[PDB]
Structure formats: C-alpha cells, structure tokens
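2 protein chains.
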Amino acid sequence: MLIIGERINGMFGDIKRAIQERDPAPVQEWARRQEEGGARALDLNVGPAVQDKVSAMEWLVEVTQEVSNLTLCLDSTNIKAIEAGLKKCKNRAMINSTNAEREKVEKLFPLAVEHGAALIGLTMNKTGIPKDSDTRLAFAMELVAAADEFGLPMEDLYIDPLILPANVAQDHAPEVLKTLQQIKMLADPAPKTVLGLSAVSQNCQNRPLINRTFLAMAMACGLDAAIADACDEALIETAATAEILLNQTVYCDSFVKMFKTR
Amino acid sequence: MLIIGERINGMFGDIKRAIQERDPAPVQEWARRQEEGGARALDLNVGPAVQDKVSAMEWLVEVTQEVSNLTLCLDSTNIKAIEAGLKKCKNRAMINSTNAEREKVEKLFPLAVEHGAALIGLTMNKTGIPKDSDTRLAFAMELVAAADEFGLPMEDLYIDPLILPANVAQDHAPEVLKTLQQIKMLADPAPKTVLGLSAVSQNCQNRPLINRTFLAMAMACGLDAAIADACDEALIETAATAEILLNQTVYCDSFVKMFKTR
Ligand SMILES: CN1c2c(nc(N)[nH]c2=O)NC[C@@H]1CNc1ccc(C(=O)N[C@@H](CCC(=O)O)C(=O)O)cc1
Ligand SMILES: CN1c2c(nc(N)[nH]c2=O)NC[C@@H]1CNc1ccc(C(=O)N[C@@H](CCC(=O)O)C(=O)O)cc1
Ligand SMILES: [Ca+2]
Ligand SMILES: [Ca+2]
C-alpha cells in the first residue's frame with residue numbers, strides 16, 4: 001500500500017495562503033510530517049483559488065522537493081500546470097490525472113510516458129461518474145488499452161474508480177469495491193488501483209473510522225495506493241496491517257514501524 | 001454482520017472454574033456484557049478441562065438463557081453434548097459445528113434440521129485444513145450440497161473457511177478471503193459465512209488491530225457472522241462501519257450505537 005499524502009492541497013486554508021503569499025514553510029512542514037507518518041508519495045494540488053495555477057504547481061514542486069525525495073503526485077485538471085510541474089520535477093512523478101475522455105487520453109498518456117511518470121486514470125468521461133461497477137470497469141479497460149496503445153507500462157497505470165461520500169452516495173461504495181476486484185483479476189501485467197480515500201467519509205461522523213474501514217476493505221480488493229491522511233496514525237496502522245493480512249509483507253511484531261520506515 | 005460472543009469458552013480460566021464449580025455468576029455476567037457490547041448470539045464452549053462435557057453444556061445453556069434471550073451457539077466436538085444442549089434450549093440455537101466429513105454431515109445436518117437450528121460448517125475433513133482456496137471451496141460446496149440434500153435452509157448454513165494466526169500461517173489469510181469471495185457467489189439463495197476471528201491474531205502483537213482489520217476485509221468478501229470479542233468496542237465499530245460501506249445498513253450519524261442497540 002502506497003499512501004499518497006493528501007494535505008498539500010490548496011483547498012486547505014493554510015496551503016491556499018502559503019501558495020498565495022509564496023510562503024514555503026507551511027508546505028515544507030506538511031511534506032515532512034506526512035513523510036514521517038509513512039507516506040511515500042505527496043499529492044500536490046494548488047486549489048481553485050490561486051490565480052496563476054501553472055506557476056503555482058511549479059512552485060509547489062520546487063519547494064517540496066527541496067525538503068523531500070518522495071514521489072510527487074501532480075494533482076490538477078490543468079494539463080499545462082501538470083506539464084510545467086513535470087519539467088520542474090527532480091524525482092519520479094505521478095500524474096493526477098486523466099479520465100476516459102479520448103481528448104485527455106492522447107495528451108496525458110504520451111505525457112506520462114515522455115516523463116516516465118505514473119498515471120492515474122479515473123473511470124469516467126464527460127458523461128459523468130457511473131454508479132454500476134460494470135460501467136466503471138468498461139472505462140477502466142479503455143484506460144488499460146490506452147496504456148498499451150501509447151506504450152505506458154501497465155504497472156505505471158493507477159486506475160481510480162472514484163469513491164464518494166458514504167452518507168449521500170452510499171450505494172457507490174460496494175460498486176467501487178466490485179470494480180477494484182474486477183480490475184484485480186486482470187492478467188499480468190495488471191494495472192494498479194488508487195482512490196481519494198477521504199471522500200468516502202465527507203460530512204460523516206467519525207471520518208477516521210470510516211476511512212480506515214474502507215481502506216482495509218479496498219485493499220482486500222486489490223487497492224495499491226490511496227491519496228489519504230498520512231498523518232492519521234490509526235489509518236497508517238490499517239495500511240500496514242492490511243498488507244500483512246494479504247501476505248504482501250511478511251509479519252513481524254513491529255510491522256507497523258517497519259511500514260513507516262521502509 | 002452477526003457478532004457471536006466468543007467469551008463463554010472453557011478455555012478461559014474464569015469460565016473453566018465457573019463450569020467446574022457450577023457457579024452461574026461468571027457466565028451470566030459475561031452473557032450480559034457481550035449482549036450490551038452488541039452480540040446477538042453467544043458461543044457456548046465447555047472447554048476440554050471438565051470431565052462430563054454433556055452435562056456441562058446443558059448447564060451453560062441453562063444458566064445462560066436464564067438471563068439472555070440471545071441465540072445460543074453450541075460449540076462442541078461431542079455430538080451428544082450438542083444434542084443435550086439443543087434439547088435444553090428454549091430459543092432457536094446454532095450448531096458449531098460439522099466439517100465436510102460425510103459421517104459428520106449425515107448426523108449434524110439432520111440434527112440441525114430437526115431442531116430448526118442454524119448449522120456452522122468448517123471447510124475441512126479428515127485430511128485436515130486445506131490451505132489452497134480451491135480445496136476450501138471444494139469442501140464449502142459439499143456443505144452447500146448437503147444442506148440441499150437434508151433440507152436445511154441455505155440461510156441457516158454458515159460456512160467457516162477456518163482462519164489461522166497471521167504470524168505463523170500468514171499465507172492462509174489471503175486464501176480465506178478468496179474462499180469467502182467465491183462462496184459469496186455460488187448461487188442464490190446463497191449460504192452464509194462465519195469465522196472464529198480471534199484466531200487470526202493469536203500470539204501476535206497488536207491483536208485488536210489485526211482482528212478488526214481482518215473483519216473489515218472479510219466483510220467485503222461477504223462475511224456474515226463472526227465469533228469474536230463482542231466486548232471489544234473497536235471491533236464492534238468496525239463491524240458497524242463495514243455494513244455501511246457495503247450498503248447493507250443505511251447510514252445515519254449514530255450508526256455504531258444503532259448497530260449495538262439493534
Ligand atoms: C477528489 N479526490 C481525488 C484526487 N485524485 C484522485 N485521483 N482521486 C480522488 O478521488 N485528488 C483530490 C481528492 C483527494 N484529496 C482529498 C483531500 C482532502 C479531503 C478532505 O477531507 N478535505 C476537507 C477540507 C477541510 C478544510 O477545508 O480545511 C473536507 O472536509 O472536505 C478529501 C480528499
Ligand atoms: C477455533 N475457533 C472457532 C470456533 N468455531 C468455528 N466455527 N470456527 C472457529 O474458528 N470455535 C472456537 C474458536 C473461536 N473462539 C475463540 C475464543 C478465544 C480465542 C483466543 O484468543 N484465546 C486465547 C486463550 C486465552 C486464555 O486461554 O485465557 C489465545 O490467545 O489463544 C480465539 C478464538
Ligand atoms: Ca493491486
Ligand atoms: Ca454473505
């Protein structure tokens with residue numbers, strides 16, 4: 001399980017201000033803390049508030065790699081900002097993301113290959129986020145074929161079925177688990193899977209509990225990565241424990257510690 | 001998710017003495033505590049220490065139903081003990097258990113049917129516990145066929161893949177999840193599944209964490225019931241959260257309390 005730190009996101013007040021005032025301190029501190037928690041990748045989202053998003057992404061990249069060697073997950077719907085971020089990246093990167101829309105596929109897949117970066121693909125297109133697992137799977141397969149079409153190693157493709165809040169979109173959770181399981185059954189080399197975990201508990205009571213529980217469930221269905229709260233110790237425990245229960249990581253009494261220091 | 005209180009088991013020192021001394025207090029207290037925790041079924045195991053296991057099982061049934069209306073899960077390898085127990089039960093019972101051995105099947109399935117009781121079936125026989133999910137599933141299918149043969153409603157059949165410690169039999173864990181998953185399919189009306197959860201963390205560190213992490217993972221694979229620590233609040237939280245994430249129970253802010261007071 002690859003935990004992709006979610007905190008460096010412009011939606012958060014302290015990050016929005018840091019980006020605006022170009023104050024590296026807050027961002028660099030969240031990079032450190034998240035890595036200390038066990039994250040091995042860092043999601044970098046400038047947010048919708050900042051004016052120049054291209055320049056902002058570049059900045060987030062430069063200030064972050066100054067204090068971290070972790071993989072940078074460039075999170076933005078602005079492809080120009082993504083490209084700009086990649087050109088500044090000193091370490092392996094992740095593109096977050098592309099969807100099944102053909103127009104975006106032919107821009108992001110080649111872009112991912114050009115930079116040897118990982119690519120996150122959402123199971124959806126202009127038509128919207130499908131509920132039924134069969135439809136989500138269909139989009140996933142289109143992404144799979146795309147990885148082969150453009151020469152992207154299947155292992156660098158992370159398919160995201162898009163989890164939603166369990167209190168107002170509850171019927172989506174099981175459809176997500178089913179999609180992940182179907183994707184897990186694909187032949188070698190099979191693609192990977194990811195999820196913006198925290199969305200499952202939006203507006204719910206005891207979000208950490210919901211987050212933990214779903215992470216464990218998702219991992220049982222093949223989940224390989226999760227953009228989530230790397231500073232949530234209980235969550236990190238689950239990640240570590242889940243790997244053990246899937247026999248992905250050999251057991252030892254300090255399995256939690258080993259996960260955070262590997 | 002049906003939590004079957006595991007605590008009234010002769011292997012525990014206090015229960016062993018209570019049975020040997022015929023002191024109802026310890027047993028009745030544990031019965032009430034487990035129900036309050038959220039259990040809706042109580043496992044009753046006289047343990048190996050007591051000499052007369054048939055009258056010990058009758059006693060457990062007597063002192064327990066005296067204070068509890070909960071379904072009683074008669075846990076014994078001695079069929080005479082199970083029979084004597086069933087005859088003492090005033091409420092519907094559960095039989096734990098029968099394995100896939102034909103000789104055992106033709107005695108227990110008819111016994112469960114006669115008493116209108118639930119029956120637990122272990123995916124194993126005289127050759128032992130199969131590690132590979134293929135063989136676990138093979139025995140699971142025999143049990144399903146036997147239920148049809150003897151007239152046991154498929155919903156009263158709980159198949160147990162038999163989980164083992166994650167520190168010495170770690171490769172069994174993923175096989176158990178796969179088996180549960182394949183069982184979840186088969187054909188409607190599909191049978192139910194159960195597990196002696198606590199075995200997964202035996203002799204491990206951070207046992208509660210390992211238990212609840214696996215419970216969640218198991219539930220995503222269709223687990224229906226679990227013999228476990230109904231007095232472990234964190235375990236109960238996981239069960240309640242898992243039902244929500246599978247859309248088996250409608251979300252509401254106090255879903256945990258609702259699960260417990262259900
Ligand atoms: C849509 N999510 C997502 C993605 N990328 C992919 N590939 N998939 C996804 O599902 N990128 C962004 C987001 C994941 N990150 C996050 C980050 C924070 C919160 C969150 O819980 N935010 C708080 C904000 C609190 C504040 O404003 O101070 C919230 O309550 O909404 C959720 C998901
Ligand atoms: C084999 N388990 C089991 C079953 N029935 C079915 N169908 N399936 C199962 O896996 N019945 C009994 C047991 C379930 N109950 C339990 C009860 C206690 C512990 C446990 O953790 N015991 C302690 C011993 C504590 C003491 O002796 O004081 C241990 O660490 O071993 C595990 C499972
Ligand atoms: Ca996987
Ligand atoms: Ca089931």
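As they're listed, the protein sequences go chains A and B. Read in order, the letters of the first sequence are residues 1 to 262 in PDB author numbering. Read in order, the letters of the second sequence are residues 1 to 262 in PDB author numbering. We put the CB at the ideal spot given by N, CA and C, even for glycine.
By the three-class DSSP mapping on this structure, what secondary structure does residue i have?
| i | result |
| --- | --- |
| A/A56 | helix |
| A/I163 | coil |
| A/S201 | helix |
| A/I95 | strand |
| B/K192 | strand |
| A/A41 | strand |
| A/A147 | helix |
| B/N211 | helix |
| B/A225 | strand |
| A/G47 | coil |
| A/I4 | strand |
| residue 264 of chain B | Since the first and last residues shown for chain B are 1 and 262, residue 264 of chain B lies out of range. |
| A/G121 | strand |
| B/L246 | coil |
| B/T64 | helix |
| B/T77 | coil |
| B/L180 | helix |
| B/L72 | strand |
| A/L152 | coil |
| B/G10 | coil |
| B/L186 | coil |
So does residue i have its beta carbon nearer than 8 Å to some heavy atom of ligand 3?
| i | result |
| --- | --- |
| B/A112 | no |
Using a threshold of 9 Å, state whether the C-beta atoms of residue i and residue j are closer than that.
| i | j | result |
| --- | --- | --- |
| A/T98 | A/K107 | yes |
| B/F109 | B/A173 | no |
| A/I3 | A/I236 | yes |
| A/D132 | A/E175 | yes |
| A/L164 | A/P191 | no |
| A/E35 | A/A230 | yes |
| A/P48 | A/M11 | yes |
| B/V250 | A/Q170 | yes |
| residue 272 of chain A | A/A140 | Residue 272 of chain A falls outside the range modelled here, since chain A spans only 1 to 262, and no answer is possible. |
| B/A187 | B/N211 | no |
| B/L122 | B/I95 | no |
| B/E66 | B/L111 | no |
| A/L143 | A/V105 | yes |
| A/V63 | A/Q28 | yes |
| B/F259 | B/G38 | yes |
| B/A81 | B/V46 | yes |
| B/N203 | B/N167 | yes |
| A/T238 | B/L177 | no |
| B/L180 | B/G128 | no |
| B/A145 | B/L152 | no |
| B/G85 | B/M57 | yes |
| A/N78 | A/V113 | no |
| B/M154 | B/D148 | yes |
| A/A31 | A/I15 | no |
Is residue i near ligand 1, going by C-beta to nearest heavy atom under 8 Å?
| i | result |
| --- | --- |
| A/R17 | no |
| B/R262 | no |
| A/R33 | no |
| A/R207 | yes |
Under the criterion of a Cβ to heavy atom distance below 8 Å, does residue i qualify as lining ligand 4?
| i | result |
| --- | --- |
| A/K192 | no |
| B/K178 | no |
| A/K87 | no |
| B/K131 | no |
| B/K184 | yes |
Would you call the stretch 215–223 of chain B in contact with the stretch 184–199 of chain B, where contact means no fewer than 3 C-beta pairs closer than 8 Å?
yes
What does the shell around ligand 2 hold, if a residue joins when its beta-carbon is under 7 Å from any heavy atom?
B/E6, B/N9, B/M11, B/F12, B/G13, B/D43, B/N45, B/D75, B/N96, B/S97, B/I120, B/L122, B/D160, B/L162, B/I163, B/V194, B/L195, B/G196, B/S198, B/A199, B/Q202, B/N203 and B/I227
Three or more beta-carbon pairs under 8 Å between the stretch 241–248 of chain B and the stretch 12–21 of chain B, yes or no?
no
Residues near ligand 3, criterion Cβ-heavy atom distance below 5 Å
A/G222 and A/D224
At least three beta-carbon pairs within less than 8 Å, the stretch 37–44 of chain A to the stretch 59–73 of chain A
yes
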